[PDB]
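Colleague: Handing you a structure now.
Please treat every number below as a calculation from the coordinates, not as lab data. Cβ coordinates were reconstructed from backbone atoms using ideal geometry, including for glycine residues, and neighbour counts include every protein chain displayed.
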2 protein chains.
Amino acid sequence: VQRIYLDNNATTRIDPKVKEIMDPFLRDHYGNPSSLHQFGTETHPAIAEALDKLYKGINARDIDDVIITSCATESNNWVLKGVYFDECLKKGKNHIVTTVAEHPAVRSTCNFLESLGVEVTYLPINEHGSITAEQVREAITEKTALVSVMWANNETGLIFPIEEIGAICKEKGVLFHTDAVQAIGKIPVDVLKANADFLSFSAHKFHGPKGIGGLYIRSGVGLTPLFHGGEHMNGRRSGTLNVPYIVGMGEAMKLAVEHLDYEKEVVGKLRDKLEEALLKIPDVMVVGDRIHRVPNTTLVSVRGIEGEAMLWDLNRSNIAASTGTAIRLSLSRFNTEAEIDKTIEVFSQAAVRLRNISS
Amino acid sequence: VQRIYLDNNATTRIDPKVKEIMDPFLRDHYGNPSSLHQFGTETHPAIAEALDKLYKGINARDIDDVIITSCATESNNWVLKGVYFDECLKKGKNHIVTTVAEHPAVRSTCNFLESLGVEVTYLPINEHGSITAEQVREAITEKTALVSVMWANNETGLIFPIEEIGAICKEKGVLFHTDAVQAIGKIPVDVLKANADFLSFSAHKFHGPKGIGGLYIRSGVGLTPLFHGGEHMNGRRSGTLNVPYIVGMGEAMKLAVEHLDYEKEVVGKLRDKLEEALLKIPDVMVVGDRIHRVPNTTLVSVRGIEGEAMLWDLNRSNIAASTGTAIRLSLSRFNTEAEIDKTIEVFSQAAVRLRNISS
Ligand SMILES: Cc1ncc(COP(=O)(O)O)c(CNc2co[nH]c2=O)c1O
Ligand SMILES: Cc1ncc(COP(=O)(O)O)c(CNc2co[nH]c2=O)c1O
Ligand SMILES: [Cl-]
Ligand SMILES: [Cl-]
């Protein structure tokens, strides 16, 4: 059998180099980095190299933190509940601006903050599937504690104007957080350009293991820990380090940014090839503005055949995709031209077959 | 070189079987268990087998949850901040009883809860290094939201009277949590016998990978999520599943409980052998009641030579241990009689050498 995987927004394959690099820390380098003895101190260099890779990936500076979390959900929960106690309660700034497009980690958390009597403005999506810089400026009260806008959307692949929203936040004196989960490895990410105070990411979206992520925290910005216990991560996030996944995620970031031109040049092209071809088969419109997107994602619709049906079919013929209904096909650098061609074929045949049962 | 590792309370070696079982999920079974397509659904059986192993390890029932967390720190933080909102605030039960002996994940969290105006009673340690059932009963007000007592202590290896504290909590109508991190794999753990509502554990203490743990939650007990986003873990703890570490931790628990008689019979004996022998070298008393302890841990003192000095020495001769000052030597099933003998030798020679520089 030979399966085609087009579900990169759900999760990605761990890069083989990433599997290789982690392996020694699952075998004989099993010491707790906190121990003083050799089993501990021996892990120190690989961890430092990892952190370094993470800093360079997002343009963090020495004076910033990139804190290791267990996933972007942790990161996101952490930013929101941290600001809740540091701003919303202790400083009266009882308002948070976000968008409707946000991942549930952000949205549900906000929902919880609402239940305690935080006022949350969920900026509405426009016709383009976007949010504009002016939209958040027009929403900032001076009780606004935080603006949280996702860098790129995982439904459509839509990029939002982070840089611009950054500027507004700087001018207005408001904490800015960007969930960048869907941007790492897909387009360049720059916390300096973004004037982010907080950035979250998750490794499994860029060929690292599931079960680890990061939160960038700008110099001098405070954020009450979500994991108290104050050992690890200059006391900001406690718990014995996930040594293998750290070493791994590090490598994952490095490879991810090394592939940034491949992503735009080749992956993007494969995505255009797929999209263009899908657009033929009679009555198939694409969803969203097709300019401001990460290179890897396309969301096609099939006229009067719910997505689920197309996908269940595609699954049977060994092509994995998901909805966003519409059909979300999302690529990685591990897709090939052959696989796309095949997808065009099997997609169209599937379309055909389902039209005919519809009669 | 041939190193001896006696720092099992810091962390343990991933069991080779555990490394084997996780491996396929780092290689080709990389699908998100939430996907509907084959890459997702194919992970379903291994995950179910894992969870099953976890349930049986602690005697959880079908009607309970064993929720997968990123570590015991997550678990502990989760219980405390969960009860804070569900009991302390929403129900006025503004008091928590714990002990002084607790791991910092519990203690620091409590410290934070104090800062919001929760009243926390930190039960004092006695001469035995213990806490008695009566001590917590005498502390329960009817504003008490939660009792949190650690099952076994990682400093001395001291077991606390969980079963008894359980009974008191049941009688008194109070939520009971036990951090069992230092008990899994060391003595039998039984949430039913314990009348725990909440139990935490962490895999790296029983030959699983760092970076994953569990919280047992009793049937019908509520606990507001620490990770909102409400996808995974019947919405109790959100974030893409750490598939490999889950499969791994599962195996780790199984092997851990399979070795329960080996642990008491052989590991315990090795520990007694080591202890007895150390007790000779002139002026070396052991620390704590030497009856109510997990089999693997001994905490010896050397008269007027701070622990750190003994350890730095021991490190040079390739024996890894830590303080608790006193010297904490903690064993696993991977220690051998040879290694202990060697330790007796090198320990005593080290004692000798440091006496003579002391002059
Ligand atoms: C933009 C974004 N934010 C946060 C997360 C959560 O990261 P995690 O904590 O590692 O799970 C994801 C991935 N989540 C999903 C992508 O597709 N379905 C999902 O549930 C994401 O795409
Ligand atoms: C009793 C207990 N509770 C909680 C933890 C925290 O588990 P983690 O979240 O997986 O780190 C540990 C391990 N911690 C340590 C054992 O020795 N030094 C330690 O810091 C522990 O022994
Ligand atoms: Cl918090
Ligand atoms: Cl919470």
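Colleague: Inside 10 Å of the C-beta atoms of A:238-250, what's the mean count of C-beta atoms belonging to other chains? Mind showing how you got there, number by number?
Modeller: Details: counts 10, 14, 12, 5, 9, 5, 8, 8, 2, 0, 1, 0, 0.
Average per residue, whole number: 6.
Colleague: Further, regarding this structure: Toward the positive end of the charge dipole of region B:150-237, about the Cα centre and with charges on Cβ (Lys, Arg +1; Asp, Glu -1), which of B:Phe201, B:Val174, B:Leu158 goes farthest?
Modeller: With unit charges placed on the Cβ atoms, the residue in question is B:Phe201.
Colleague: Taking the axis about which chain A rotates onto chain B, which residue of A lies nearest it as judged by Cβ position, and how many whole Å separate them?
Modeller: A:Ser70, 2
Colleague: Net charge within 9 Å of B:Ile168 by Cβ-Cβ distance, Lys/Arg positive one each and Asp/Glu negative one each, not counting B:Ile168 itself? The partial results should precede the final answer.
Modeller: Details: positive: B:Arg137, B:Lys170, B:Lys172; negative: B:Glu134, B:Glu164, B:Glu171.
Local charge sum for B:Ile168: 0.
Colleague: Once a ≥ b ≥ c are taken as the square roots of the eigenvalues of the Cα gyration tensor of chain A, is the result rounded (a/c under 1.5), prolate (a/b larger than b/c) or oblate (a/b not larger than b/c)?
Modeller: On the way: a/c = 2.17, a/b = 1.29, b/c = 1.69.
Judged from the Cα gyration tensor, chain A comes out oblate (a/c at least 1.5, b/c at or above a/b).
Colleague: Percent of alpha carbon pairs in the protein assembly as shown separated by more than 41 Å?
Modeller: Numbers: 85337 of 257403 pairs.
Pairs farther apart than 41 Å: 33 percent.
Colleague: OK, next. May I ask for the percentage of alpha-carbon pairs in region A:208-262 that lie more than 17 Å from each other? Mind showing how you got there, number by number?
Modeller: Details: 759 of 1485 pairs.
Percentage above 17 Å: 51.
Colleague: On to the next question. Take A:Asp62, A:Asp28 and order them by how many other Cβ atoms sit within 10 Å, fewest up front. Working shown, then result.
Modeller: Details: A:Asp62 6, A:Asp28 12.
So the residues, fewest neighbours to most, are A:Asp62, A:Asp28.
Colleague: So who's got an amide H within less than 5 Å of the one on B:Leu123, skipping anything under 5 residues away but keeping other chains? H placed 1.01 Å off N, in plane.
Modeller: B:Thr98, B:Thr99, B:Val100
Colleague: Arranged by the count of other C-beta atoms within 10 angstrom, fewest first, what order do B:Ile21, A:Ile47 take?
Modeller: Working: B:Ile21 20, A:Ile47 17.
Neighbour counts put them in this order, fewest first: A:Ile47, B:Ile21.
Colleague: Still on this structure: So which of A:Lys81/B:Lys93; B:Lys172/B:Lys193; A:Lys143/A:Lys205; A:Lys56/A:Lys91 end up more than 26 Å apart, counting from Cα to Cα?
Modeller: Details: A:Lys81/B:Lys93 22 Å; B:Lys172/B:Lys193 17 Å; A:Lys143/A:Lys205 34 Å; A:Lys56/A:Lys91 34 Å.
Among A:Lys81/B:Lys93; B:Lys172/B:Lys193; A:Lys143/A:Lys205; A:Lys56/A:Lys91, the Cα-Cα distance tops 26 Å for A:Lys143/A:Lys205; A:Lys56/A:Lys91.
Colleague: Karplus couplings for region A:74-84 from phi (6.51 cos²θ - 1.76 cosθ + 1.60, θ = phi - 60°), rounded to Hz, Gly and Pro as x?
Modeller: 3, 3, 5, 3, 3, 4, 3, 6, x, 5, 2
Colleague: Over its Cα atoms, what ratio of radius of gyration to 2.2 N^0.38 Å does region A:285-353 give?
Modeller: 1.08
Colleague: Ok, one more. On average, how many beta carbons from a partner chain sit within 10 Å of the beta carbon of a residue in A:208-215?
Modeller: On the way: counts 0, 8, 13, 13, 4, 3, 0, 0.
That works out to 5 on average.
Colleague: Sorted from shortest, what are the nm distances separating the label point of B:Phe85 from equivalent points in the other copies, each placed 7 Å from Cα along Cα to C-beta?
Modeller: Once sorted, the set of distances for B:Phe85 reads 1.2 nm.
Colleague: Turning to a different aspect of this structure: Write down the Å³ per residue value for the convex hull defined by the alpha carbon atoms of region B:96-168.
Modeller: Numbers: hull volume 5.9 nm³, N = 73.
Here the figure is 81 Å³ per residue.
Colleague: Just order A:135-142, A:31-38 by mean Cβ neighbour count inside 10 Å, highest at the front, would you?
Modeller: Descending packing order for the listed peptides: A:31-38, A:135-142.
Colleague: Something else: Only four residue types carry charge here, +1 at the Cβ of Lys and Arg and -1 at the Cβ of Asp and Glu. Report the dipole size of the protein assembly as shown about the Cα centre in Debye, rounded to the nearest 20. Before the final figure, lay out each step's value.
Modeller: Numbers: 78 positive and 92 negative charges, 19 e Å.
The calculated dipole for the protein assembly as shown is roughly 100 debye.
Colleague: In addition: Say the cut-off is 25 Å between C-alpha atoms; which of B:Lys53/B:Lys264; A:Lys210/A:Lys269; B:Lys19/B:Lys342 go over it? Provide the component values of the computation, followed by the final result.
Modeller: Values: B:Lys53/B:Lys264 21 Å; A:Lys210/A:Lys269 28 Å; B:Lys19/B:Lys342 28 Å.
With Cα atoms farther than 25 Å apart: A:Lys210/A:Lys269; B:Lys19/B:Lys342.
Colleague: If r is the Cβ-Cβ distance from A:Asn111 to A:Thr132 and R0 is 22 Å, what FRET efficiency results, to the nearest 0.05?
Modeller: Details: r = 24 Å, r/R0 = 1.10.
Computed FRET efficiency for A:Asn111 and A:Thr132 comes out at 0.35.
Colleague: Rounded to whole Å and sorted largest first, what semi-axes of the equivalent ellipsoid does the C-alpha gyration tensor of region A:47-91 yield via the square root of 5 times each eigenvalue?
Modeller: Working: eigenvalues 131, 33, 11 Å².
Equivalent ellipsoid semi-axes, largest first: 26, 13, 8 Å.
Colleague: Neighbouring Cβ atoms within 10 Å as the yardstick, rank B:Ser202, B:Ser348 fewest first. Don't skip to the end; give the middle numbers.
Modeller: Values: B:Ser202 31, B:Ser348 16.
Going from sparsest to densest Cβ surroundings: B:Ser348, B:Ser202.
Colleague: If you count, for every residue in A:71-78, the Cβ atoms of partner chains within 10 Å of its Cβ, what is the mean? Before the final figure, lay out each step's value.
Modeller: Working: counts 9, 3, 12, 7, 1, 5, 7, 2.
For peptide A:71-78, the averaged partner shielding equals 6.
Colleague: Got the relative contact order for region B:15-259 handy, in percent, Cα pairs under 8 Å and 6 or more residues apart? Could you put the intermediate results ahead of the total?
Modeller: Working: 474 pairs, mean separation 69.6, N = 245.
Value for region B:15-259: 28 percent.
Colleague: Karplus couplings for region B:301-311 from phi (6.51 cos²θ - 1.76 cosθ + 1.60, θ = phi - 60°), rounded to Hz, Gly and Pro as x?
Modeller: 10, 10, 3, x, 8, 3, x, 2, 5, 4, 6
Colleague: Just to check I understand the Karplus step: with θ = phi - 60° and J = 6.51 cos²θ - 1.76 cosθ + 1.60, what whole-Hz values come out for region A:156-166, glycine and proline as x?
Modeller: 10, x, 4, 8, 9, x, 4, 3, 5, 5, x
Colleague: Measuring from a point 7 Å out along Cα→Cβ, what nm distances, shortest first, does B:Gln2 have to its partners in the other copies?
Modeller: Spelled out, the distances from B:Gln2's label point are 5.1 nm.
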